[PDB]
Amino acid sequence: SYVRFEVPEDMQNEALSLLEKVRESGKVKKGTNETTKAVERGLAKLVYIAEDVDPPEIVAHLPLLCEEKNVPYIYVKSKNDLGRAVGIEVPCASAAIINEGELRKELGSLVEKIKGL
């Protein structure tokens, strides 16, 4: 499995809420291609990876790429939820915050909580 660690539900919800709000004043990449490219460019502040992705090889490269680029990533249950959170009309396998907008402190705390796992 590409899921490297278990993420508590409340942290997932905090993450998705944060992503929704970041959409208002920041910049977000949505979809595996954009996300991957943003990561490769050194731009990702935080990446989201749905846990219910099939086939897994769609997002299976992400954890390790994020590690090489020193990018914190979090897992969320469903691509449906992620899609709603990034504000598109279809499911979404992975995403990234590129610019935290006004949520600098909230994002920082979130990534610390992630590292805490």
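Numbers follow the displayed sequence, beginning with 1.
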Quiz item: Which has the higher mean CA temperature factor in the PDB entry, 53 to 61 or 32 to 40?
Solution: 53 to 61
Exercise. Report the stretch with the higher mean CA temperature factor, choosing between 90 to 98 and 6 to 14 on the basis of the entry.
Key: 6 to 14
Quiz item: Hey, out of 45, 27, 77, 84, whose CA B-factor is highest in the deposited coordinates?
Solution: 77
Quiz item: Taking the C-alpha B-factors as the PDB entry records them, is residue 103 in the lowest, middle or highest third of its chain?
Solution: highest
